[PDB]
Student: 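Quick one: structure below, then a few questions.
Hydrogens, waters and symmetry mates play no part in the numbers below; they use all other heavy atoms, side chains included. Quick note: residue numbers are just sequence positions, from 1.
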Amino acid sequence: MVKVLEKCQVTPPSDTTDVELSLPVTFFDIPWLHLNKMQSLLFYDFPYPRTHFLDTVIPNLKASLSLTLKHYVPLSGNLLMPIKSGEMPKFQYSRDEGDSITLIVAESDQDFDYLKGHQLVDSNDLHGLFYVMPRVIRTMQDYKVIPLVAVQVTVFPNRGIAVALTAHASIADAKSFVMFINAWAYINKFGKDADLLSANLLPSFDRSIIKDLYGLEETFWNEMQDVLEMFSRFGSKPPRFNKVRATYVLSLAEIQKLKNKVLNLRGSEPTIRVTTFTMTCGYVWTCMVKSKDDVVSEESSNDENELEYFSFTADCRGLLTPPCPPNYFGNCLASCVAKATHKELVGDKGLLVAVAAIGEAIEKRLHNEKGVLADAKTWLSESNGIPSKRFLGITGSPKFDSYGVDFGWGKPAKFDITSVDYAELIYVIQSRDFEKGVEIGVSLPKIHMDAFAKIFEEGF
Ligand SMILES: CC(C)(COP(=O)(O)OP(=O)(O)OC[C@H]1O[C@@H](n2cnc3c(N)ncnc32)[C@H](O)[C@@H]1OP(=O)(O)O)[C@@H](O)C(=O)NCCC(=O)NCCSC(=O)/C=C/c1ccc(O)c(O)c1
């Protein structure tokens, strides 16, 4: 139901930029090189005519994106994946090659209030607002050239706007990419001389400080060879998802209720660290493991002692040596994995088991002495020995200003991390309406979603 009105290319300004920019791939980026789709969807109430969209909004967006790209030059380039053995990946922007961001201008007749809503949405409707980027746009002698960012802007006439960004995982983590969206909108909202610095929207691309003192680069690269070839010949087009989106909102008061429920279950136990993050993920992890039971598995209690896994990442910028600036643009994640027994998660203290298992995972990865990289040589080998039916991961973070992306028409009505449907993942972001609250985006088949909503709304 989405019709494409225009496909054009957006580049940095010809003047204040340079014909070339080689950015190195750090050992942090190596584990993400197979993920060519990281998806951020933003919805905006926009009760204005379609002519105002095409004659004013679109031209300004094309102008602000270009202005923004003067500070985010590598996002306008590509990722070069070595085609010959004994060569390493890198990033590059080549103005003489025409490297640019594809911007799609589209229109839809689907119902806008439905698509930005918090109750169920067909996943395929969300994924249908995105532009499908090519896997390889060009092939040099040493490497194959892989695009990094494309954005589709869709207009729901007289009702709203959807901004659908796709980014390669290797160029940015959630923190970095959200800073890029906010910079784009900020410049579009306040013009060219807007002060990105004073808004903390200026990135740093200096990777001379990221040092690989543990040889993880060689270690990760060799381990990624297998994963890369799997994802090498896999369909660039969105699979027909069998899942529905639902969104849940936990106020800071409802977060408090969950902490006090853990402190009353504890009943004299080792001081467990309880944050919004641990509490939110704890709660959602318990509901998720229970809902898998209510959809009744024909393996009786045979499983209950098997381990359930919750996989998340953490930002390491502030833990590195040499110091790493907070605005370092790129990947800088550590892998953390919580685990507990199925029977204990579903039991009468499951919430407490999940929070302590998560707080334990953060402590073994970050609070380790020596450093975050102390145990880094196992970050990849650890996430493999985990079964698909016992795995849950989370994407996004409540720390990032997902609802600060105001292009000048107001803050988003809804921010969806659409790439959540490709796996058993959830997403957690800053709540639009509640100061220290969160939004959980869940991605489940309809019948399983029903079970989940039951428990989630239930005991709480
Ligand atoms: C991992 C976390 C979240 C840990 O959470 P958390 O424990 O809440 O850390 P914190 O918020 O700094 O701590 C605050 C709490 O510390 C608590 N605390 C600290 N120590 C203790 C203690 N010892 N005992 C009890 N409490 C303690 C305090 O009580 C604080 O208050 P509160 O939170 O309860 O209100 C955090 O440290 C971190 O690193 N977060 C970043 C996660 C991250 O980087 N995720 C990125 C994944 S990439 C991703 O998912 C998607 C990328 C992407 C790209 C392009 C696209 O287009 C796209 O769409 C997507």
Student: Using 4.0 Å as the upper bound for N to carboxylate O, is an ion pair formed by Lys70 and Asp18?
Tutor: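 Not counted as a salt bridge, because no side-chain N and carboxylate O are separated by less than 4.0 Å.
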
Student: Is there a donor-acceptor contact under 3.5 Å from the side chain of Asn331 to the main chain of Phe28?
Tutor: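 Judged by distance alone, no pair lies under 3.5 Å.
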
Student: Do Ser291 and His448 have a side chain donor and acceptor closer than 3.5 Å?
Tutor: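 Side chains of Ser291 and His448: pair found under 3.5 Å.
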
Student: I'd like to know if the side chain of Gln39 pairs up with that of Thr418 as donor and acceptor (distance under 3.5 Å, no hydrogens or angles considered).
Tutor: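 There is no such pair (donor and acceptor under 3.5 Å, judged by atom type) between the side chains of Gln39 and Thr418.
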
Student: For the residue pair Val149 and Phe177, what are the closest heavy atoms and their distance?
Tutor: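 Heavy atoms only, the tightest pair is CG2-CE1, 4.2 Å.
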
Student: For a quick check under 3.5 Å, do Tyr427 and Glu439 share a side-chain donor-acceptor pair by atom type?
Tutor: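 Their side chains do not contain a donor-acceptor pair, so the 3.5 Å distance test is not met.
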
Student: Do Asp99 and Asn78 have a side chain donor and acceptor closer than 3.5 Å?
Tutor: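 Distance-only check passes for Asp99 and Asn78.
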
Student: To the closest 0.5 Å, what do you measure between CG (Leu228) and CD1 (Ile30)?
Tutor: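 Interatomic distance, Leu228 CG to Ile30 CD1, rounded to 0.5 Å: 9.0 Å.
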
Student: Give a yes or no on this: more than 12 heavy atoms of other residues, nucleotides or ligands lie within 6.0 Å of atom CG of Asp348.
Tutor: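 Check fails, neighbour count at 12 or below.
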
Student: What are the two closest non-hydrogen atoms of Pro147 and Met133, and how far apart are they?
Tutor: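 Smallest interatomic distance, heavy atoms only, reads CB-CE, 3.5 Å.
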
Student: Does this structure show an ion pair linking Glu382 with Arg365, if we count only N-O contacts that are shorter than 4.0 Å?
Tutor: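 Result for this pair is yes, salt bridge flagged.
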
Student: Could you tell me whether the side chains of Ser22 and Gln92 share a donor-acceptor contact shorter than 3.5 Å?
Tutor: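 The answer is yes; a qualifying pair exists.
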
Student: Say you draw a straight line from CG of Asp416 to CG of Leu41; how long is it, rounded to the nearest 0.5 Å?
Tutor: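 Taking CG in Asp416 and CG in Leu41, the distance rounds to 5.5 Å.
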
Student: Please name the pair of heavy atoms, one in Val420 and one in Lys243, separated by the smallest distance, quoted to 0.1 Å.
Tutor: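 So the minimum-distance heavy-atom pair works out to O-NZ, 4.3 Å.
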
Student: Show every donor-acceptor pair shorter than 3.5 Å between a side-chain atom in residues 267-276 and any protein atom, with sequence neighbours excluded, or say none if there are none.
Tutor:
unit_1	atom_1	unit_2	atom_2	d
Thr271	OG1	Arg266	NH2	3.1
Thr275	OG1	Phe277	N	3.0
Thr275	OG1	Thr278	N	2.8

Student: Looking at CG of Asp406 and CD1 of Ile181, how far apart are the two atoms once the value is rounded to the nearest 0.5 Å?
Tutor: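 Result: 13.5 Å between the selected atoms.
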
Student: For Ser14 versus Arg95, what's the shortest heavy-atom pair and its separation?
Tutor: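 In terms of heavy atoms, the two residues are closest at O-NH2, 2.9 Å.
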
Student: With a 3.5 Å cut-off and no angle check, do the side chains of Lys7 and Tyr131 form a donor-acceptor pair?
Tutor: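 Per modelled atom types, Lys7 and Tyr131 side chains form a pair under 3.5 Å.
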
Student: Give the ring-plane orientation class for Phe241 versus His127, where under 30° counts as parallel, over 60° as perpendicular and anything between as tilted.
Tutor: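 Ring orientation of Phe241 relative to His127: tilted.
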
Student: Strictly by modelled atom types, are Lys37 and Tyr422 linked by a side-chain donor-acceptor pair under 3.5 Å?
Tutor: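 A pair is found: one side chain offers a donor N or O, the other an acceptor, under 3.5 Å apart.
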
Student: Just checking, is any N or O donor in the side chain of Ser232 or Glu229 under 3.5 Å from an acceptor N or O on the other one?
Tutor: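 Note: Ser232 and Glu229 side chains miss the donor-acceptor criterion.
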
Student: Could you tell me whether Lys292 and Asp303 have a side-chain N and a carboxylate O separated by less than 4.0 Å?
Tutor: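 Salt bridge: no.
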
Student: Between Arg317 and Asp173, does any NZ, NE, NH1 or NH2 come within less than 4.0 Å of an OD or OE carboxylate oxygen?
Tutor: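 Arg317 and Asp173: salt-bridged.
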
Student: To the nearest 0.5 Å, tell me how far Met288 CE sits from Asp293 CG.
Tutor: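 One finds 13.0 Å between CE of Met288 and CG of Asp293.
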
Student: Could you tell me whether the side chains of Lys436 and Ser251 share a donor-acceptor contact shorter than 3.5 Å?
Tutor: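 Not at all, the side chains of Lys436 and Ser251 share no donor-acceptor pair under 3.5 Å.
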
Student: Determine yes or no for a side-chain-to-main-chain donor-acceptor pair under 3.5 angstrom, with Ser94 supplying the side chain and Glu97 the backbone.
Tutor: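 Not a single qualifying donor-acceptor pair exists.
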
Student: Please determine if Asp421 and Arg245 form a salt bridge, counting it only when a charged side-chain N lies under 4.0 Å from a carboxylate O.
Tutor: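 Salt bridge: yes.
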
Student: Do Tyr93 and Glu20 have a side chain donor and acceptor closer than 3.5 Å?
Tutor: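 Checked: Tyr93/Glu20 side chains show no N/O donor-acceptor pair below 3.5 Å.
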
Student: Tell me which one of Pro325, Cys324, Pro326 satisfies side-chain contact (heavy atoms from CB on, under 4.5 Å) with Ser204.
Tutor: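 Single pass found, and it is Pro325.
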
